[PDB]
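The next block holds one structure in the form of structure tokens; read it before the comments.
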Amino acid sequence: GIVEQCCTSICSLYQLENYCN
Amino acid sequence: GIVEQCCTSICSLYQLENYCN
Amino acid sequence: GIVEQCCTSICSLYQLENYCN
Amino acid sequence: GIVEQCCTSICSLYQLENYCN
Amino acid sequence: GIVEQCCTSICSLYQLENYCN
Amino acid sequence: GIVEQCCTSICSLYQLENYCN
Amino acid sequence: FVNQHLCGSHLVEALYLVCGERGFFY
Amino acid sequence: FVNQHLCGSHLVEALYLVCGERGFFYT
Amino acid sequence: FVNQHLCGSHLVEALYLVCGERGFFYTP
Amino acid sequence: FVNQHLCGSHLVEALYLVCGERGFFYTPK
Amino acid sequence: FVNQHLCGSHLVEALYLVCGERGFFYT
Amino acid sequence: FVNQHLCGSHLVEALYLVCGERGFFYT
Ligand SMILES: [Cl-]
Ligand SMILES: [Cl-]
Ligand SMILES: [Zn+2]
Ligand SMILES: [Zn+2]
């Protein structure tokens, strides 16, 4: 998920927004 | 909601657990 | 102490509580 | 400034962006 | 005590230092 | 800069004040 | 209302801690 | 381990802001 | 005012995230 | 209201930074 | 070490919620 | 780059406290 994805390398705002509803 | 429950008075960690998962 | 216990592994609420006054 | 515009009514992401360089 | 003191009006860095060991 | 100075060795609030306006 | 907004930020942080592996609904 | 645990706290704050009214669910 | 102080702390955290490599500006 | 509750979280954070290695006194009662 | 420093910031915030009115020392 | 990102988040909080009415630029 997001933790594996965004804590191993940095997520952009647009990548973060993938995890919104 | 959580806001009426826990933003108008302090929720215990027991009360917050209602809102898991 | 708390750094060895909780900064190299995750402490639960209960583990953290050990450190309360 | 930002505190005056965003501390009573919520600033959205796009509004917050106005304060980037 | 401390929350009443520093959360009813802001504490300066000097006033915060009052609470250091 | 600040990252070089402060992200592997801890800066005190006192060394941080260098970076104030 | 910003007050609710700031409350919610703290609730998210508290639920992250409390809920652990279960995760939570905001 | 803890690096991911500390990073996850900042991630949920970021989702809180980014997602706005639509919200997110974490986990 | 305490509430302004606390709101600003959240605002600068939010700017740090939103503004990315550009950064932000902040003069009270 | 929960104002003081939210404030206190920031306050312990501030004491943590201000006090450095020697730590801080935090007995809220 | 900064990583320990940053973990401390999180542990103080978590102890603040967990310990409530009894407080805690973080030294 | 995630560690430097998380350090920056904490640095901004710290600068906001210590700089007070002066403010600061984090870039
Ligand atoms: Cl961190
Ligand atoms: Cl707040
Ligand atoms: Zn807050
Ligand atoms: Zn952190």
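How things are named: the first chain in the structure tokens is A, the next is B, and so on; residues count from 1 in each chain; ligands count from 1 in the order shown.
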So that I can check the surroundings of range 15-21 of chain D, please list as a PyMOL selection string every protein, DNA and RNA residue that reaches within 9 Å of it, counting only C-alpha atoms and ignoring chain neighbours fewer than 6 positions away. (chain D and resi 1-2+6) or (chain I and resi 11+14-16+18-20+22-26) or (chain L and resi 27)
Export C-alpha atoms of the chosen residues as a PDB file, in the first residue's frame?
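Just written: result-v8.pdb:
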```pdb
ATOM      1  CA  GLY D   1      -1.296  36.706   4.731  1.00  0.00           C
ATOM      2  CA  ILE D   2      -2.016  33.055   5.023  1.00  0.00           C
ATOM      3  CA  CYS D   6      -6.868  30.397   6.226  1.00  0.00           C
TER       4      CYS D   6
ATOM      5  CA  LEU I  11      -0.386  26.040   7.882  1.00  0.00           C
ATOM      6  CA  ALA I  14       0.742  22.122   4.990  1.00  0.00           C
ATOM      7  CA  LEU I  15       2.859  24.558   2.860  1.00  0.00           C
ATOM      8  CA  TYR I  16       5.920  22.372   3.306  1.00  0.00           C
ATOM      9  CA  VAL I  18       2.084  21.336  -0.908  1.00  0.00           C
ATOM     10  CA  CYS I  19       4.924  23.473  -2.220  1.00  0.00           C
ATOM     11  CA  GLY I  20       7.437  20.715  -2.891  1.00  0.00           C
ATOM     12  CA  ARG I  22       9.741  25.369  -4.687  1.00  0.00           C
ATOM     13  CA  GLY I  23       9.212  25.858  -0.951  1.00  0.00           C
ATOM     14  CA  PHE I  24       7.137  28.648   0.469  1.00  0.00           C
ATOM     15  CA  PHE I  25       7.444  32.110   1.918  1.00  0.00           C
ATOM     16  CA  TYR I  26       6.374  33.120   5.436  1.00  0.00           C
TER      17      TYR I  26
ATOM     18  CA  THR L  27      13.442  26.206   0.509  1.00  0.00           C
TER      19      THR L  27
END
```
Test item: residues no farther than 7 Å from ligand 2, counting only C-alpha atoms and all ligand atoms, as a VMD selection string: (chain G and resid 6 to 7) or (chain I and resid 6 to 7) or (chain J and resid 6 to 7)
Output N, CA and C atoms of each residue in that selection to a file, as a PDB file, in the first residue's frame.
```
ATOM      1  N   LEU G   6      -8.709  21.493  12.192  1.00  0.00           N
ATOM      2  CA  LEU G   6      -7.530  21.264  13.062  1.00  0.00           C
ATOM      3  C   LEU G   6      -7.843  20.072  13.998  1.00  0.00           C
ATOM      4  N   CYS G   7      -9.056  20.015  14.558  1.00  0.00           N
ATOM      5  CA  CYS G   7      -9.452  18.828  15.324  1.00  0.00           C
ATOM      6  C   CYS G   7      -9.235  17.532  14.489  1.00  0.00           C
TER       7      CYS G   7
ATOM      8  N   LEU I   6      -1.453  28.146  16.844  1.00  0.00           N
ATOM      9  CA  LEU I   6      -1.614  26.739  16.495  1.00  0.00           C
ATOM     10  C   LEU I   6      -2.021  26.589  15.027  1.00  0.00           C
ATOM     11  N   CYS I   7      -2.943  27.423  14.552  1.00  0.00           N
ATOM     12  CA  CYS I   7      -3.338  27.367  13.125  1.00  0.00           C
ATOM     13  C   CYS I   7      -2.085  27.583  12.234  1.00  0.00           C
TER      14      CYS I   7
ATOM     15  N   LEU J   6      -5.909  19.980  22.278  1.00  0.00           N
ATOM     16  CA  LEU J   6      -5.121  20.087  21.025  1.00  0.00           C
ATOM     17  C   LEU J   6      -3.876  20.899  21.301  1.00  0.00           C
ATOM     18  N   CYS J   7      -4.019  22.015  22.012  1.00  0.00           N
ATOM     19  CA  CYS J   7      -2.880  22.830  22.390  1.00  0.00           C
ATOM     20  C   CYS J   7      -1.842  22.009  23.120  1.00  0.00           C
TER      21      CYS J   7
END
```
Overlay target chain K, mobile chain H, all C-alpha paired in order, as an mmCIF file with N, CA and C atoms, in the first residue's frame:
```
data_model
loop_
_atom_site.group_PDB
_atom_site.id
_atom_site.type_symbol
_atom_site.label_atom_id
_atom_site.label_comp_id
_atom_site.auth_asym_id
_atom_site.auth_seq_id
_atom_site.Cartn_x
_atom_site.Cartn_y
_atom_site.Cartn_z
ATOM 1 N N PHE H 1 21.268 9.896 16.236
ATOM 2 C CA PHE H 1 21.555 10.919 15.266
ATOM 3 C C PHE H 1 20.203 11.462 14.991
ATOM 4 N N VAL H 2 20.019 12.113 13.852
ATOM 5 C CA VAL H 2 18.667 12.628 13.619
ATOM 6 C C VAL H 2 17.521 11.586 13.539
ATOM 7 N N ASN H 3 17.733 10.301 13.166
ATOM 8 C CA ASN H 3 16.517 9.402 13.075
ATOM 9 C C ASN H 3 15.847 9.290 14.423
ATOM 10 N N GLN H 4 16.650 9.101 15.462
ATOM 11 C CA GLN H 4 16.171 9.020 16.802
ATOM 12 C C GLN H 4 15.652 10.360 17.265
ATOM 13 N N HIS H 5 16.184 11.460 16.783
ATOM 14 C CA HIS H 5 15.668 12.740 17.176
ATOM 15 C C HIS H 5 14.275 13.015 16.613
ATOM 16 N N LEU H 6 14.088 12.640 15.362
ATOM 17 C CA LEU H 6 12.757 12.838 14.759
ATOM 18 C C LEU H 6 11.767 11.862 15.403
ATOM 19 N N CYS H 7 12.145 10.585 15.551
ATOM 20 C CA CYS H 7 11.294 9.602 16.221
ATOM 21 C C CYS H 7 10.922 10.063 17.645
ATOM 22 N N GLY H 8 11.868 10.631 18.394
ATOM 23 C CA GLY H 8 11.592 11.081 19.783
ATOM 24 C C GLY H 8 10.489 12.145 19.842
ATOM 25 N N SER H 9 10.384 12.996 18.820
ATOM 26 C CA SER H 9 9.313 14.006 18.805
ATOM 27 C C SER H 9 7.955 13.325 18.708
ATOM 28 N N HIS H 10 7.878 12.265 17.849
ATOM 29 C CA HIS H 10 6.616 11.548 17.763
ATOM 30 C C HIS H 10 6.339 10.755 19.060
ATOM 31 N N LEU H 11 7.374 10.233 19.705
ATOM 32 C CA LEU H 11 7.205 9.483 20.982
ATOM 33 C C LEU H 11 6.603 10.373 22.068
ATOM 34 N N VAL H 12 7.093 11.599 22.193
ATOM 35 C CA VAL H 12 6.565 12.472 23.260
ATOM 36 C C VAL H 12 5.126 12.865 22.916
ATOM 37 N N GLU H 13 4.785 13.059 21.627
ATOM 38 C CA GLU H 13 3.376 13.254 21.344
ATOM 39 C C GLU H 13 2.548 12.023 21.708
ATOM 40 N N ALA H 14 3.056 10.827 21.420
ATOM 41 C CA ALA H 14 2.319 9.609 21.736
ATOM 42 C C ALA H 14 2.135 9.514 23.264
ATOM 43 N N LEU H 15 3.199 9.772 24.029
ATOM 44 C CA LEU H 15 3.047 9.694 25.509
ATOM 45 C C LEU H 15 2.041 10.733 26.045
ATOM 46 N N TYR H 16 2.079 11.899 25.455
ATOM 47 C CA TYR H 16 1.088 12.915 25.820
ATOM 48 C C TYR H 16 -0.330 12.385 25.707
ATOM 49 N N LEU H 17 -0.643 11.748 24.606
ATOM 50 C CA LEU H 17 -1.979 11.226 24.477
ATOM 51 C C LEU H 17 -2.207 10.000 25.336
ATOM 52 N N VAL H 18 -1.291 9.009 25.265
ATOM 53 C CA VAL H 18 -1.523 7.712 25.950
ATOM 54 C C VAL H 18 -1.676 7.879 27.465
ATOM 55 N N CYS H 19 -0.861 8.778 28.002
ATOM 56 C CA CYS H 19 -0.763 8.872 29.468
ATOM 57 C C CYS H 19 -1.883 9.684 30.101
ATOM 58 N N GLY H 20 -2.585 10.513 29.310
ATOM 59 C CA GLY H 20 -3.768 11.186 29.830
ATOM 60 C C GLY H 20 -3.382 12.102 30.974
ATOM 61 N N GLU H 21 -4.271 12.197 31.965
ATOM 62 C CA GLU H 21 -4.079 13.043 33.097
ATOM 63 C C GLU H 21 -2.850 12.767 33.918
ATOM 64 N N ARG H 22 -2.462 11.496 34.006
ATOM 65 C CA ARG H 22 -1.308 11.150 34.817
ATOM 66 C C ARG H 22 0.004 11.672 34.254
ATOM 67 N N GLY H 23 0.049 11.966 32.952
ATOM 68 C CA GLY H 23 1.242 12.543 32.378
ATOM 69 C C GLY H 23 2.415 11.553 32.318
ATOM 70 N N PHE H 24 3.572 12.092 31.939
ATOM 71 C CA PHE H 24 4.792 11.358 31.741
ATOM 72 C C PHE H 24 5.829 12.485 32.104
ATOM 73 N N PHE H 25 7.055 12.102 32.341
ATOM 74 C CA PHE H 25 8.245 12.963 32.217
ATOM 75 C C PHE H 25 9.270 12.472 31.206
ATOM 76 N N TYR H 26 9.646 13.307 30.262
ATOM 77 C CA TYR H 26 10.631 12.889 29.324
ATOM 78 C C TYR H 26 11.993 13.483 29.593
ATOM 79 N N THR H 27 12.817 12.583 30.067
ATOM 80 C CA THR H 27 14.304 12.532 29.966
ATOM 81 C C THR H 27 15.243 12.765 31.124
#
```
Expressed to one decimal, the C-alpha RMSD of chain B after its least-squares fit on chain D over all C-alpha atoms in order is 0.7 Å
What does the structure give for the distance between CA of residue 23 in chain G and CA of residue 11 in chain G, in Å to one decimal?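 That distance, rounded to one decimal, is 13.0 Å.
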Interface residues on chain F facing chain K, 8 Å, only C-alpha atoms, written as an NGL selection string: :F and (6-10)
Taking only C-alpha atoms into account and nothing else, which residues of chain G lie no more than 12 Å away from chain K? Please answer as a ChimeraX atom specification. /G:10-11,13-18
Please return, as a ChimeraX atom specification, all residues of chain C that DSSP assigns to helix (DSSP H, G or I) on the basis of the backbone. /C:2-6,13-17
Tell me the residues of chain J close to chain B, meaning within 12 Å using only C-alpha atoms, as a PyMOL selection string. chain J and resi 1-6
